[PDB]
Amino acid sequence: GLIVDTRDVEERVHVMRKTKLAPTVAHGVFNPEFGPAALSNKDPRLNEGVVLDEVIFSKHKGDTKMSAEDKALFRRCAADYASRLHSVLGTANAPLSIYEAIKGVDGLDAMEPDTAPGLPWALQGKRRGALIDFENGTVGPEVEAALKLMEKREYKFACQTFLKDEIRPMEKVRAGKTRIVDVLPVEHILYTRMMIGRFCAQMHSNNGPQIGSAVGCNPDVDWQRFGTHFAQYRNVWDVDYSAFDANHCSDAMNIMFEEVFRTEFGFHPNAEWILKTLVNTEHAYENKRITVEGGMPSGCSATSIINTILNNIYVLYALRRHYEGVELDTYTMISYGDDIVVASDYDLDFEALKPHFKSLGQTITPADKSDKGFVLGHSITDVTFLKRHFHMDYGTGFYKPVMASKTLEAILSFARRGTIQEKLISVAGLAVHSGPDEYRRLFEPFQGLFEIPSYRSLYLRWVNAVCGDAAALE
RNA sequence: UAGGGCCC
RNA sequence: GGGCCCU
Ligand SMILES: [Mg+2]
Ligand SMILES: [Mg+2]
């Protein structure tokens, strides 16, 4: 986005800590080019002359403005995709009750009872459950009143900046490229869910290339679906954006919201409005108050869905900006926020597309930094999506989500106190797909100290999940 | 942490 | 209710 204002007000928003990630036994063994992100402005691992408070915000390099001509075309693209999207999902997009928004519905998990409540509740030591009853699905009086200012379109808010405590490439750690989470007030999340949760539920249940969205998918079983679909195209592209979330422009965002969440689609008129409040935002970080224009806040409700929608619209726009007679079926794609696979039988030229994406403030590069620029003839077994490759299972014939061994090693090398056992079992479900030897190796440093699920048991679990029938009558 | 999915 | 992984 564009930082239009940075100012000091006395009331310190308290965030920075030490990391909670301690190394495991495997760190000594794997020695990964990874480590926890810097959370302190004087972290010794930081390069000489780096300011964390700086780099943290260096993603806001502006809010690209679009011409009337470009705006109109983007609007047609957003209108065209909305049209495909709602034809598939239906138009059952009515608001959710307070209850529904809280407890979830068929396809949408419950709100999280004990995560960050946002501002100003954080500055009063109140916790989310002080404000909302998650057993019963009702709101306390401080939220009810806020709702009321939202039904009235007068509600105002600030985003709370948290540093993300997570593992990173060493290069990026040493650079101060710690990511930030933009925590919104829990009433804003609740109301957005009231406004677009039913839609979101429908998105999750219909995930797939037809709607170009993978939000709600489960890689273990969905890899077979996705694999077979993309297998049948002459060309497949793995496309990388740079700072996708932050570089959404005001115009793109506003127009998308106007085209996709129309009342004629069954949405409450305040769906558009609640969404639009994400365009111009105040961010609280320590003593600082950063006024930003443009960008998606990470960690507002529906953040991944909105990103997925924009991602679909950008591909359509970029191609139409270049070629003629380009329709929704000239290509196919699936997206999860910024992450995307695109495919087409047409010999599209993504190299030529750079400047068209550029018009929305977006910079596309090919996933393989290698040999410079987009090429033709790649297949699905060449690309990555959600940090997984599409490999063929030797024994069922189905595609399986395979994570790179360095990634797995990085992941196994660190954990939070008292969680190794749990984490091990989880990551095991991730590792099974790498095959029995590689599974044995990754887990070797844990032999004797923790319980390691057998390869066989996790393989059999996976088979039953991906096709109950190939368990049964094999 | 918005969320998705999984593990217990 | 706790945890993990991905976006
Ligand atoms: Mg990168
Ligand atoms: Mg990718």
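Chain letters run A, B, ... following the sequence lines, proteins first, then strands; residues in each count from 1.
Across C:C4, C:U7, C:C5, the shortest atom-to-atom separation from the side chain of A:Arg388 is found for C:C5. Of the candidate nucleotides B:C8, B:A2, B:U1, B:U1 has the atom nearest to the side chain of A:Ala116. The A:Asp338 side chain lies nearest to C:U7 when the options are C:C5, B:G3, C:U7. Comparing atom distances between the A:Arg128 side chain and each of C:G1, B:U1, B:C7 picks out B:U1 as nearest. When distances run from any side-chain atom of A:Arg193 to the nucleotides C:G3, C:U7, B:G3, the shortest one goes to B:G3.
Among the protein residues, A:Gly299 comes within range of the nucleic acid bases, having at least one heavy atom under 4.0 Å from a base atom. Residue contacts shown for A:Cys200 are absent, as no nucleic acid heavy atom lies under 4.0 Å away. Among the atoms of the strands shown, only primed sugar atoms or phosphate atoms (P, OP1, OP2) are found under 4.0 Å from some heavy atom of A:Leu108. Backbone-only contact: A:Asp109 has heavy atoms under 4.0 Å from sugar-phosphate atoms and none from a base.
Counting only heavy atoms from C-beta outward, the side chains of A:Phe414 and A:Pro32 approach each other to under 4.5 Å.
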Practice task
For side-chain contact (heavy atoms from CB on, under 4.5 Å), just list the numbers for A:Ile305 and A:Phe199, CA-CA rounded to whole Å, side-chain angles, deciding distance to a tenth of an Å, and then say yes or no.
Solution key: CA-CA 10 Å; A:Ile305 275 151; A:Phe199 170 74; 4.1 Å; yes

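Taking the centre of each ring, A:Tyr285 and A:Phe57 come in below the 6.0 Å mark.
Regarding contacts with the backbone of C:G2, every side-chain N or O of A:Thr419 stays at 4.0 angstrom or more from both OP1 and OP2. Contact annotation: A:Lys423 side-chain N/O to B:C7 OP1/OP2 distance is not under 4.0 Å. Of the side-chain N and O atoms in A:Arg461, one or more sit less than 4.0 angstrom from OP1 or OP2 of B:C8. For the OP1/OP2 pair of B:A2 and a distance below 4.0 Å, the side-chain nitrogens and oxygens of A:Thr115 include at least one atom meeting the criterion. OP1 or OP2 of C:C5 has not a single side-chain nitrogen or oxygen of A:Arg416 nearer than 4.0 Å.
Within residues 177-184 of chain A, the residues having any heavy atom closer than 4.0 Å to RNA chain B are, in order of number, A:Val181, A:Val183.
A:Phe350 and A:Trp237 have tilted rings, their planes meeting at an angle from 30° to 60° on a 0 to 90° scale. Between A:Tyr455 and A:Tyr459, the ring planes lie parallel to each other; the angle is under 30°, not in the 30° to 60° tilted range.
For B:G3, the base has a donor-acceptor partner in the side chain of A:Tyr336 [N/O atoms by modelled type, under 3.5 angstrom].
For the side chain to side chain contact (heavy atoms under 4.5 Å, CB included) with A:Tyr336, the lone residue among A:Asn207, A:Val215, A:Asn307 that qualifies is A:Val215.
The number of heavy atoms from other shown groups lying within 6.0 Å of CD (A:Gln447) is above 12.
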